[PDB]
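Engineer: kindly generate the corresponding structure for this input.
(chains A and B, ligands or ions: 2)
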Protein chains: 2
Amino acid sequence: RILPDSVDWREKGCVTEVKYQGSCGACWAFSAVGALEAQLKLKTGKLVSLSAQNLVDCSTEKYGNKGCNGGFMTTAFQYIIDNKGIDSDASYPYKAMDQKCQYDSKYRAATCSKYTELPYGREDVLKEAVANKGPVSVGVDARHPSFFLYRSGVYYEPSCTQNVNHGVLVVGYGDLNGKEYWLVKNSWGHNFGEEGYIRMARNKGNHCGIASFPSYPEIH
Amino acid sequence: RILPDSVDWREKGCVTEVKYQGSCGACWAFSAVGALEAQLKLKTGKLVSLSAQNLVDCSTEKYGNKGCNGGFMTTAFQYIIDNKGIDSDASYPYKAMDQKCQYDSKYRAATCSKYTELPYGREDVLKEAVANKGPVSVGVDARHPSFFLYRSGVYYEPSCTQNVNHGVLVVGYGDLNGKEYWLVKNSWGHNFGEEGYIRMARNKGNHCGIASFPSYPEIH
Ligand SMILES: *C(=N)CNC(=O)[C@H](CS(=O)(=O)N1CCN(c2ccccn2)CC1)NC(=O)Cc1cc(C)no1
Ligand SMILES: *C(=N)CNC(=O)[C@H](CS(=O)(=O)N1CCN(c2ccccn2)CC1)NC(=O)Cc1cc(C)no1
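Structural biologist: Numbering: from 1, shown residues only, chains lettered A, B, ... in the order given. Ligands and ions are numbered 1, 2, ... in the order given. Next comes the structure:
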């Protein structure tokens, strides 16, 4: 298909409220559950926050993840596949700490059948996936002081690099006042940015590495 | 198909001489070129060493790579795709140091059309790719003295983890009197291990993370 000029998955009810990770480096877990939440809405018609804490506590060493000390969205997806489920956030709440794995199938709210990693740096392929599949988990370079101070508009930081450090969720794309953007859901609470979102420059040379390592899950 | 019990791509004429990276952390570049060397043989009938130095010098910041301070096989493949080529090793020989990008299309020896990332941690899927596609680029946990000290046989390190740090090339698989292994080409020269190779434990719980992050390229 010709792709739409703009997408916002919040308009189809596929995006949960913004979460607050606190001082725990669980962005990877928030990114992964956010991508799966959309697929769960598309499959079942029902929007349910999924347990980032379940990923922190249970998608650990075997998956190359370190809980509050960082991890991968892809290996989080593979945990959910291998585990045959993930609990709801309501059942397995977020504590911003490394804990023992408390997964229980009686609280399962989603499954995952597979995941797809997109080709490195390809903003056109990322656009196609956001339009045709759903929100996409990505990493960005969030190290620069400007990122923390973002309030509005389209974020463009000349000091940005493709050395990504922060897992976030692309929930859309568009153009604002002549600037193309990616709509990014962060996990630093509503105080960050525009109610927890940042519009990041799109088609500006893989700005901040946004299209470096994109992935999305699917449900059978 | 039912997969063969053992495979060795050296018998198929798809593996070049073992290289010596020296003090430059270019293992990712050697892994990537070795994977592509096999596909180039399968396509063209020619066995040619490809330029690891081209990747060190040219698949840099924009690809998330740091030359002699490490990088990704996947993003190296994407550089080859984006660049529409990689030079021969003969034309662009290995220096064991970071240099300005000297790529010249007049010395192009290969192209790449795509690469594939295998699902996390699946040794069965890795076996299928090695049997049916070609040598597979992987990362392993080489953070143990036993790896440096390896001489012969099937390598098993009880303290191994899935926190991989060394890029290598799976060029086959088999068993040593029933002890299953992956046949791995390293880039530590011909004095390392079994004349440049290490046989690493297979079907032992993703030992040393060998099946954590596998990828292979293809040519049009
Ligand atoms: C959040 N509070 C802390 N950040 C992380 O945990 C971070 C997430 S990420 O999205 O930046 N990211 C995962 C994708 N990843 C990658 C790199 C190369 C190939 C494939 N995938 C980049 C990092 N995770 C980490 O920083 C852990 C890590 C770093 C790297 C370089 N690999 O994994
Ligand atoms: C070689 N002499 C030095 N080591 C590296 O260059 C190393 C190679 S790796 O095999 O450990 N590896 C590349 C594969 N990579 C990955 C993760 C996810 C998807 C695809 N590929 C993991 C690392 N590279 C690094 O150490 C650089 C790096 C990247 C990441 C995320 N962590 O480390």
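Engineer: residues from chain A in reach of ligand 1?
Structural biologist: A:25, A:27-28, A:70-73, A:139, A:164-167, A:213 (CB under 6 Å from any ligand atom). C-beta here means a position set from N, CA and C on the backbone, and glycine is covered the same way.
Engineer: same thing but at 8 Å, please
Structural biologist: For chain A, the residues found near ligand 1 under the criterion CB under 8 Å from any ligand atom are A:21, A:24-28, A:31, A:64-66, A:69-74, A:117, A:137-140, A:163-168, A:187, A:212-213.
Engineer: buried members of the residues you listed into PyMOL, please.
Structural biologist: Entered in PyMOL, the line below selects the buried ones among the residues of chain A next to ligand 1, by 16 or more other CB atoms under 10 Å in any protein chain shown:
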select buried, chain A and resi 21+24+25+26+27+28+31+64+65+66+70+71+72+73+74+117+137+138+139+140+164+166+167+168+187+212+213
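Engineer: can you list the residues of chain A near chain B?
Structural biologist: A:61-64, A:74-75, A:78, A:82, A:114-115, A:117, A:119-121, A:161-164, A:205-206, A:209, A:212 (CB under 8 Å from any CB of the partner chain).
Engineer: strands of chain A, start to end?
Structural biologist: A:7-8, A:86-87, A:108-110, A:114-117, A:136-140, A:154-155, A:166-176, A:179-185, A:197-201, A:215-218 (DSSP state E).
Engineer: helices or strands up against the fourth one?
Structural biologist: Read it as strand A:114-117. Applying 3 or more CB pairs under 8 Å, 6 or more residues apart in numbering or on different chains; DSSP states H and E, we find strand A:114-117 packed against helix A:73-83, strand A:215-218.
Engineer: distance to residue B:183 for the ones you listed - can I get that in a markdown table?
Structural biologist: Listed next are these as a markdown table, based on distance: least, CB to CB, whole Å:
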| stretch | distance to residue B:183 |
| --- | --- |
| helix A:73-83 | 25 |
| strand A:215-218 | 30 |
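Engineer: filter the residues of chain A next to ligand 1 by proximity to ligand 2?
Structural biologist: When contact is defined as CB under 8 Å from any ligand atom, the residues of chain A next to ligand 1 meet ligand 2 at A:64, A:72, A:74, A:117, A:213.
Engineer: which among the residues of chain A next to chain B end up buried?
Structural biologist: A:62-64, A:74-75, A:78, A:115, A:117, A:119-121, A:161-162, A:164, A:206, A:209, A:212.
Engineer: from the residues you listed, which ones fall inside helices?
Structural biologist: Taking DSSP state H, the ones among those that sit in helices are A:74-75, A:78.
Engineer: list the buried residues in the longest helix that chain A contains.
Structural biologist: Longest helix in chain A, counting residues (DSSP H): helix A:27-44. For helix A:27-44, the buried set under the neighbour-count rule, 16+ other CB under 10 Å, comprises A:27-42.
Engineer: what's the answer for stretch A:88-105, then?
Structural biologist: A:88-89, A:91-92, A:94, A:103.
Engineer: again, but for stretch A:127-138
Structural biologist: Judged by neighbour count (16+ other CB under 10 Å), stretch A:127-138 contains these buried residues: A:127, A:129-131, A:133-138.
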